Amino acid sequence: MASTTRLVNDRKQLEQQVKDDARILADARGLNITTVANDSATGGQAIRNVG
Amino acid sequence: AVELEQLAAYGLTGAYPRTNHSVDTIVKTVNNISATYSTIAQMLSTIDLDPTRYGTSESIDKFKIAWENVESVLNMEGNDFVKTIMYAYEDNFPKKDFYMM
Amino acid sequence: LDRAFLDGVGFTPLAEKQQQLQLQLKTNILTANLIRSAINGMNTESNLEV
Amino acid sequence: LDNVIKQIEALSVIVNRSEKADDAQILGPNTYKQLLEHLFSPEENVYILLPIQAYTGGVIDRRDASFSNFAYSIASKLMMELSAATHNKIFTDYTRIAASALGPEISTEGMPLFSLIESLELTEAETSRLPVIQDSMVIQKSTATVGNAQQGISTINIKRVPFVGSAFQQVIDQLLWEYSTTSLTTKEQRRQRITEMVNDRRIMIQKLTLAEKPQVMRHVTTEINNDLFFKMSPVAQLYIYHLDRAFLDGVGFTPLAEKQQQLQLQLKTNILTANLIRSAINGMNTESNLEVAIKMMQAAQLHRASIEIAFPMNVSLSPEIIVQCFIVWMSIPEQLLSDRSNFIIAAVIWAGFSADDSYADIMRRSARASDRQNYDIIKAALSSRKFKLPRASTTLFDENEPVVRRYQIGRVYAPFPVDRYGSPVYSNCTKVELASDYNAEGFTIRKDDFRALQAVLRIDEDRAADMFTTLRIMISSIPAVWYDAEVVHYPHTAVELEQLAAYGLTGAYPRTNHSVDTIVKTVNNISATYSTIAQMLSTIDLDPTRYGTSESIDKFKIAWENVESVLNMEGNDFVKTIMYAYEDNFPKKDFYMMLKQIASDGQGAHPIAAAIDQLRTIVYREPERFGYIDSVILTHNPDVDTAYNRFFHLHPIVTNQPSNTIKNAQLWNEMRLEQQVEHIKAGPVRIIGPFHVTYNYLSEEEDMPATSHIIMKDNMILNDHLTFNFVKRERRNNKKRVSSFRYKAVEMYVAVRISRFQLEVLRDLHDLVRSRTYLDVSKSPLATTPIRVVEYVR
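Protein chains in written order, with the deposited numbering: chain A, 1 to 51; chain B, 554 to 654; chain C, 303 to 352; chain D, 61 to 854.
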């Protein structure tokens with residue numbers, strides 16, 4: 001039980017803090033949405049009633 | 554809808570949706586889409602398009618022309634997410650309810 | 303919106319899964335095992351849509 | 061692709077056969093290192109011990125959140141450097157003079173006392189006091205106790221030599237001595253412990269001479285007892301299987317053609333007529349005897365990894381199946397077969413002899429949950445007065461081998477029905493006779509055929525000499541606490557019917573050519589590689605609160621990196637390969653939890669953690685020795701405190717009370733020009749952030765133009781080092797006064813100054829002597845040639 005027995009937990013906390021503080025100052029640039037189309041058709045075989 | 558083979562292949566190999574953008578980018582994109590929709594809607598209220606002047610098929614075309622003109626005059630050409638969405642899936646709606654929308 | 307924001311997919315190639323199955327499921331060849339054949343007859347071409 | 065680890069294990073054992081003589085347990089001579097102090101004297105009976113930077117590492121914390129992190133970094137890096145100079149060394153050597161008909165032995169360890177004459181400018185009245193100091197430096201002996209309760213309590217002799225220097229050096233050497241003499245013991249205690257651990261009297265440890273009894277040695281922090289081996293149970297089965305596999309490279313099977321000839325001779329049927337027994341063993345192959353032998357031995361050791369047979373048949377039968385089941389029943393002992401397999405073969409046997417029963421009904425009526433009672437009932441029926449069928453069995457073995465090891469051993473079953481004599485031992489009776497014949501949807505077997513088959517499965521009795529050495533050399537190298545482990549990789553306990561039947565009919569046994577010391581030398585390696593990781597976890601990761609069990613998976617990447625790094629160096633290839641080969645059945649999370657539990661039960665962290673904790677307060681106490689200072693002060697028209705004028709002519713020390721302090725640096729560095737001017741106009745200002753400064757002590761002869769305290773380029777920006785200047789007041793020139801001209805000429809309008817500065821003054825030369833400890837090799841010498849057993853005497 002000494003200050004050396006906390007290095008891993010301290011590194012975990014520091015990693016989380018640096019991730020948060022890097023995300024805070026990151027510039028946001030909204031990307032234009034493209035590639036929207038109706039191309040999700042469904043195949044299959046017809047029933048073709050007999051008579 | 555999905556095939557049994559496709560779902561089985563997706564589940565066999567550990568698969569999961571993957572992204573590359575931050576939360577801020579997504580929020581800004583959604584806000585831009587909302588702002589464009591709201592501006593178009595507020596601009597379209599000045600001109601008048603009653604339902605009794607044309608047929609149910611021609612009024613839709615007049616609305617398309619008005620929308621394109623309004624987008625051209627004021628906004629900068631982007632992609633107009635809502636316009637593309639309504640154009641690409643207009644065949645799955647009977648004309649009366651498309652006009653209602 | 304989901305299609306626009308979900309760019310790619312992450313998945314282990316079927317080559318590794320076949321090796322893992324061969325290691326875990328140790329069965330002699332020419333013994334009429336069908337799980338190996340069924341796994342072999344698969345592919346991961348369509349993973350984005352799913 | 062499972063064969064890539066086969067050669068890995070082979071190479072691990074091959075490199076294990078290499079000597080690799082590590083120089084552990086053996087110590088070496090060492091001397092205390094010398095620091096610098098550069099002392100001087102301004103006037104009579106006052107001597108100044110100026111502090112000089114010792115170690116110049118450590119980088120400031122940019123986050124500025126904490127101050128203790130800077131000190132921790134300094135201490136950790138300094139002691140990482142220091143611990144590399146006393147890796148396996150004890151301080152014993154010192155510079156004596158003599159002890160011959162003059163005064164007793166006296167010591168000259170610090171800077172020579174003669175050299176102080178030209179450094180301190182001593183007068184005649186005090187130089188006469190120097191010889192008495194030299195002649196009063198006697199050496200005092202004493203005793204100190206070493207060893208813990210688990211080890212032996214011993215006593216070693218020590219010395220307390222005087223030397224000249226600063227108190228800081230004394231504290232440094234005290235810390236070094238405390239750190240360097242942990243886990244010490246004498247040979248006479250280690251020999252006693254070793255003899256107590258080896259109970260057998262065949263082993264004879266080399267007797268100690270009189271001179272080697274008080275010699276000093278180093279022992280490990282904590283011994284490897286059975287407790288450590290007990291906690292490795294969840295993954296022990298993999299180690300047992302791979303230890304058997306890597307050491308059993310042969311098998312003593314008689315060729316199949318010979319048994320075929322024997323059976324044909326024993327048969328009571330005409331050659332040209334057809335009997336299915338002789339036509340069923342003809343299509344048998346013995347290429348895979350080795351794998352079945354390994355599995356047989358593993359089933360013999362662990363009582364829960366019982367062998368399970370896989371039956372190609374589903375409901376119907378086959379001519380080969382009946383004879384193979386009979387061979388298994390008559391030749392493979394029942395204790396090494398699982399309950400399911402026993403019940404299946406018992407049902408196959410019982411179907412033919414039953415009056416009305418078949419196979420499909422007997423399976424369909426029964427359930428796999430309680431097959432043990434069914435197996436017992438079938439055995440009782442088959443051991444009656446109407447039918448008798450000998451069931452192969454085996455007994456335990458207590459015998460072992462003499463060898464040095466630190467763990468107990470236990471009894472195991474034997475993978476063959478031999479009872480140390482040629483005659484096998486069965487469970488019910490050694491006679492074969494039947495009331496009627498055997499029929500089951502056809503496939504008639506005559507009564508005499510079973511009796512004939514009984515006489516062909518015997519062991520030749522000639523190979524019994526080699527059949528037991530592998531076996532006794534198998535009850536002498538496996539820890540007894542692993543015999544209750546579970547099974548993690550199921551396929552290690554599975555084998556098809558034909559292979560098992562061929563193994564039983566062929567009468568094969570495991571064999572090996574390796575010795576006994578090789579296996580214990582590998583078990584010790586596994587234990588050591590577990591203990592290293594346990595100690596590292598205990599000295600790094602052990603922390604109760606703050607992300608314990610309830611932590612996100614995100615942190616696991618950080619947690620696992622250290623374990624992987626420790627597993628990545630040489631000498632740990634066995635455990636690393638076993639881990640990375642079977643990750644699917646044993647995920648890394650359970651391994652990490654098991655290691656944490658092992659380290660948390662009980663384990664000495666390391667000698668270095670407490671040492672670093674002890675050095676951190678030292679770093680706190682004396683800043684100047686480590687070349688750092690906090691709370692610099694900027695002001696114009698400074699005012700000197702006139703208390704340090706007694707030692708220096710000009711000094712950067714002031715006593716101004718601060719007003720309107722700045723939070724930290726890099727802020728004043730960029731505020732605005734003519735905006736910070738008001739800050740210094742209202743009064744002196746202070747910069748909290750600690751800096752990296754070096755003091756320059758100059759005689760009153762030259763100057764060092766630093767002039768870089770403040771750089772004027774559109775802003776009053778501070779520097780990054782802030783070198784200061786001191787001018788020493790010596791006896792040569794201490795009545796004249798300096799005009800203070802050459803102290804602001806090389807300066808700017810705004811002056812950078814220091815608030816606090818610590819130095820130690822001494823009134824008499826008798827206070828220049830301190831103490832250090834040593835070993836006194838004369839009475840407790842450093843050891844050599846550690847304890848060994850006796851063999852090759854010539």
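Just so you know, even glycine gets a beta-carbon here, dropped at the ideal spot from N, CA and C.
- Inter-residue distance for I157(D) and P89(D) is about 19 Å (C-alpha atoms, whole angstroms).
- Take the alpha-carbon of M639(D) and the one of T589(D): they are about 13 Å apart.
- Nearest Cα to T255(D) within the set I265(D), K247(D) and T246(D): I265(D).
- Shown here for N716(D): same chain residues with a beta carbon closer than 7 Å to its own, the five before and five after excluded, namely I693, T695, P698, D699 and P744 in chain order.
- Counting only the Cα atoms, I668(D) lies some 43 Å from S719(D).
- Per the coordinates, the alpha-carbon of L627(B) lies some 11 Å from the alpha-carbon of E621(B).
- Less than 8 Å divides the Cβ of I284(D) from the Cβ of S591(D).
- Look at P164(D) here: in three-state DSSP terms it is coil, with no helix or strand label.
- Taking a cut-off of 8 Å for Cβ pairs, the region 175–194 of chain D and the region 136–146 of chain D do not touch, as fewer than three such pairs fall below it.
- Taking the Cα positions, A411(D) is about 17 Å away from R432(D).
- Residues of the region 594–619 of chain D whose Cβ lies closer than 7 Å to any Cβ of chain A, in chain order: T599, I600, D601, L602, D603, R606, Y607, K615, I618 and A619.
- The way I'd put it, the region 323–337 of chain D doesn't touch the region 275–294 of chain D; fewer than three beta-carbon pairs between them come closer than 8 Å.
- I112(D): not part of any beta strand (DSSP E); DSSP gives it neither H nor E.
- The contact set of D644(D) on chain C, defined by CB atoms closer than 7 Å, consists of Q322 and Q326 in chain order.
- Sorting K66(D), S240(D), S179(D) and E186(D) by C-alpha distance to the C-alpha of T91(D) places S240(D) at the top.
- Within its own chain, the residues whose Cβ lies closer than 8 Å to the Cβ of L675(D), once the five positions on either side in sequence are excluded, are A135, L138, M139 and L235, listed in chain order.
- Here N76(D) is not near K636(D), since their CB atoms are 8 Å or more apart.
- Straight through space, the alpha carbons of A131(D) and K723(D) are spaced by roughly 20 Å.
- In this structure, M357(D) keeps its C-beta atom at 8 Å or more from the C-beta atom of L303(D).
- For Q514(D), the enclosing alpha helix (DSSP H) begins and ends at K507 to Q514.
- Here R156(D) is bridged, per DSSP, to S167(D).
- For the pair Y473(D) and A427(D), the Cα-to-Cα distance works out to about 29 Å.
- Unbroken alpha helix (DSSP H) stretches of 4 residues or longer found wholly inside the region 547–622 of chain D: 557–566 and 577–600, given in chain order.
- Beta-bridge annotation (DSSP): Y473(D) is paired with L456(D).
- In the three-state scheme derived from DSSP, where H, G and I count as helix and E and B as strand, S831(D) is classed as strand.
- The beta carbons of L602(D) and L655(D) sit no closer together than 8 Å.
- Under DSSP, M772(D) takes part in a beta bridge, and its partners are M776(D).
- Take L557(D), set aside five residues on each side of it, and the residues of its chain with a beta-carbon closer than 8 Å to its own are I369, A370, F371, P372, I381, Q384, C385 and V388, in chain order.
- Against chain B, the CB of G30(A) has a partner CB under 8 Å away; the residue lies at that interface.
- The residue from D62(D), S196(D) and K66(D) with its alpha-carbon nearest to that of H826(D) is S196(D).
- The region 516–532 of chain D makes contact with the region 473–486 of chain D: 3 or more CB pairs, one atom from each, lie closer than 8 Å.
- When the five nearest sequence neighbours on each side are left out, the beta carbons in the same chain lying within less than 6 Å of the beta carbon of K648(B) are those of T609, in order along the chain.
- Check the Cα spacing between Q322(D) and each of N342(D), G310(D) and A306(D): the tightest is with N342(D).
- A straight-line Cα-Cα distance of about 25 Å links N775(D) and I713(D).
- Between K788(D) and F100(D) the beta-carbon gap is near 6 Å, inside 8 Å, which marks them as a contact.
- Counting every other CB atom within 10 Å of its CB across the protein chains shown gives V737(D) a total below 16, marking it as exposed.
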